[PDB]
There are 2 protein chains.
Amino acid sequence: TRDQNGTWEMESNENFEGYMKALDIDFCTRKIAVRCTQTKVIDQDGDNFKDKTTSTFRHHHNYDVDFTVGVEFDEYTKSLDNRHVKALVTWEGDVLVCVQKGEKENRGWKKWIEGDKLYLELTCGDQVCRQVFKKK
Amino acid sequence: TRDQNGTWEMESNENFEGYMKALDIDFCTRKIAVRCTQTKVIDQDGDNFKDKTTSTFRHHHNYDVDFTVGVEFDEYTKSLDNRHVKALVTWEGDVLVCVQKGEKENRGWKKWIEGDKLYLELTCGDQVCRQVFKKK
């Protein structure tokens, strides 16, 4: 049949990456594109076609870590760089301090409550990242 | 206080990029990561901690094409390789065939209905991508 009308959702995709490589599309764009869902809405009247394609990309991470203050533990940083570190969490006053011994120097974090907000500082090398959290 | 229990929503995030760079996380991953919402659930029993961090990002784009079988039209392949092609669609039996005339050789696609599924094969050079769609 020549009637292609419908709302069409992709259920299988094969060699999308090879096709995109042949288009000289960069590795980054290919990595995102291949993870997209696709919906095609085809509105066809005879030989007249209106094709509306929607591409969706979703990213979702859960990262669970359990530890006891003062007991060195093994950490696998799966929601970041996916490296093995040996982490030691201690208290310095009211600040929770973690050193992550491993490949990177100066790697760790500090976490404390101030003014009913949670403060986190992550360090790696000469880089410090500062994050602030609100109670939901 | 040393009580860090709570469901915490991130409201400020500064020098995340420099930190991820120091961890050798690539630009492709960083552009996704800086746009994720972050929720940290801290369940703390004395010096025993369970930290659950959730991070989520959603994005979509659209790609619309209108054409008539047998009428050549200009197509700009936005969200693919961003080139101008001269597209000519014809029927070969019940198979809809497009040639995208332009810089890439052997560039085109074929689209047909079989059973109740839509089949698409996109070609560029010697690379063929095959996609299958079900009616939703």
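Throughout, a chain's letter reflects where its sequence line sits, starting with A, and its residues are numbered from 1. Every heavy atom of this structure was used, including side-chain atoms; hydrogens, water molecules and symmetry mates were not.
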Item to complete: Go through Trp8(B) and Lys136(A) one step at a time and tell me if the side-chain contact (heavy atoms from CB on, under 4.5 Å) criterion holds.
Response: CA-CA 6 Å; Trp8(B) 299 97; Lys136(A) 168 184 98 286; over 6 Å; no
Worksheet item: Under 4.5 Å between any side-chain heavy atoms of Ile42(B) and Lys40(B), yes or no?
Response: yes
Practice prompt. Report yes or no: do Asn5(B) and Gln44(B) form a side-chain donor-acceptor pair below 3.5 Å?
Written response: no
Worksheet item: Does some side-chain heavy atom of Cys129(B) sit less than 4.5 Å from a side-chain heavy atom of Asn13(A)?
Response: yes
Worksheet item: Judged by modelled atom types alone, do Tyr63(B) and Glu75(B) share a side-chain donor-acceptor pair under 3.5 Å?
Response: yes
Practice prompt. Indicate yes or no: does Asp94(B) engage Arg2(A) in a salt bridge with an N to O separation below 4.0 Å.
Written response: yes
Discussion item. Could you walk me through whether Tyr19(B) and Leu23(B) satisfy the side-chain contact (heavy atoms from CB on, under 4.5 Å) test, starting with their C-alpha distance in whole Å, then the side-chain angles of each, then the deciding distance to 0.1 Å, before giving a yes or no?
Written reply: CA-CA 7 Å; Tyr19(B) 172 76; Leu23(B) 292 175; 3.7 Å; yes
Item to complete: Give a yes or no on whether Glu11(B) atom CD has more than 12 heavy-atom contacts from other residues, nucleotides or ligands under 6.0 Å away.
Response: yes
Worksheet item: How would you list, by chain and number, every residue that makes a side chain to side chain donor-acceptor pair (under 3.5 Å) with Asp81(B), sequence neighbours excluded?
Response: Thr77(B), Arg83(B), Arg107(B)
Practice prompt. Please check if atom NE2 in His61(B) has more than 12 non-hydrogen atoms from other residues, nucleotides or ligands closer than 6.0 Å.
Written response: yes
Worksheet item: Does any non-hydrogen side-chain atom of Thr123(B) lie less than 4.5 Å from one of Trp109(B)?
Response: no
Worksheet entry | Over 12 foreign heavy atoms within 6.0 Å of CD, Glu14(B) | no
Worksheet, complete the sentence: In this structure, CZ of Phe133(B) is separated from CE of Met10(A) (nearest 0.5 Å) by 3.5 Å
Item to complete: Look at the side-chain heavy atoms of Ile, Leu, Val, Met, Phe, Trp and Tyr, link any pair under 4.5 Å apart, and say whether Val97(B) and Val132(B) land in one connected group.
Response: yes
Item to complete: Just do the side-chain contact (heavy atoms from CB on, under 4.5 Å) check on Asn62(B) and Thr53(A) with the steps written out, would you?
Response: CA-CA 6 Å; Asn62(B) 287 310; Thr53(A) 296; over 6 Å; no
Worksheet item: With distance as the sole test, does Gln4(A) use its side chain to make a donor-acceptor pair with the main-chain N or O of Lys111(B) at under 3.5 Å?
Response: yes
Worksheet entry | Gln131(A) vs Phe16(B) side-chain heavy atoms within contact, under 4.5 Å | yes
Fill in: Near-ring test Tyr76(A)/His84(A), centroid separation under 6.0 angstrom
yes
Worksheet item: Hey, does the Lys NZ or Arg CZ of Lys110(A) hover above the aromatic six-ring of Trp112(A), less than 6.0 Å from the centre and inside 45° of the axis?
Response: no
Practice prompt. Please step through side-chain contact (heavy atoms from CB on, under 4.5 Å) for the pair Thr39(B) and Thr7(B), ending with a clear verdict.
Written response: CA-CA 7 Å; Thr39(B) 307; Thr7(B) 303; 3.9 Å; yes
Worksheet entry | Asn15(B) side chain to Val128(A) backbone, donor-acceptor under 3.5 Å | yes
Response to the item:
Nearest heavy-atom contact between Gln38(A) and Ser55(A) is NE2-OG, 3.9 Å
Practice prompt. Count the heavy atoms of every other residue, nucleotide or ligand shown that sit under 6.0 Å from CD of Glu105(A), and state whether that count exceeds 12.
Written response: no
Item to complete: Step through the shown structure and confirm whether more than 12 heavy atoms of other residues, nucleotides or ligands are within 6.0 Å of NZ on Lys21(A).
Response: no
Worksheet item: Should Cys36(A) and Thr56(A) count as side-chain neighbours, where that means a heavy-atom distance under 4.5 Å?
Response: no
Practice prompt. Flag the pair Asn82(B) / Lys78(B) as yes when at least one side-chain heavy-atom distance between them is below 4.5 Å, and no otherwise.
Written response: yes
Worksheet item: Is any side-chain N of the basic residue among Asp26(B) and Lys31(B) closer than 4.0 Å to the acidic one's carboxylate O?
Response: no
Practice prompt. Please confirm whether the backbone N or O of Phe57(B) pairs with a side-chain atom of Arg35(B), one donor and one acceptor, at under 3.5 Å?
Written response: no
Fill in: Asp43(B) with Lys52(B): basic N within carboxylate O range, under 4.0 Å
no
What pairs of donor and acceptor atoms, side-chain ones from residues 64-74 of chain B against any protein atom, are under 3.5 angstrom apart with sequence neighbours left out?
from	atom 1	to	atom 2	distance (Å)
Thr68(B)	OG1	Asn48(A)	OD1	2.7
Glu72(B)	OE1	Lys101(B)	NZ	2.6

Worksheet item: Would you say the side chain of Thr90(A) lies within less than 4.5 Å of the side chain of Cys98(A), judging by non-hydrogen atoms?
Response: no
Discussion item. Let me check something: do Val89(B) and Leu118(B) share a hydrophobic cluster, defined by ILVMFWY side-chain heavy atoms less than 4.5 Å apart, either directly or through other members?
Written reply: yes
Worksheet item: Taking 4.0 angstrom as the limit, do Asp116(B) and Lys134(B) come out as a salt bridge?
Response: no
Worksheet item: Do the side chain of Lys86(B) and the main chain of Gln100(B) share a donor and acceptor less than 3.5 angstrom apart?
Response: no
Item to complete: For the pair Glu121(B) and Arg130(B), find out whether any cationic side-chain nitrogen is under 4.0 Å from an anionic carboxylate oxygen.
Response: yes
Response to the item:
Taking every heavy atom of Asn106(B) against every heavy atom of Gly125(B), the minimum-distance pair comes out as OD1-O, 3.0 Å
Worksheet entry | Charged N-O contact under 4.0 Å between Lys50(B) and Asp45(B) | no
Discussion item. Tell me every residue that passes side chain to side chain donor-acceptor pair (under 3.5 Å) with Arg58(B), counting only those two or more places apart in sequence or in another chain.
Written reply: none
Item to complete: Heavy atoms only: give me the nearest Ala22(A)-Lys104(B) pair and the separation to one decimal.
Response: O-NZ, 3.1 Å
Worksheet item: Under 4.5 Å between side-chain heavy atoms, hopping through other hydrophobics if needed: is there a path connecting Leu120(B) to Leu80(B)?
Response: yes
Fill in: Any side-chain heavy-atom pair of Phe49(B) and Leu96(A) under 4.5 Å
yes
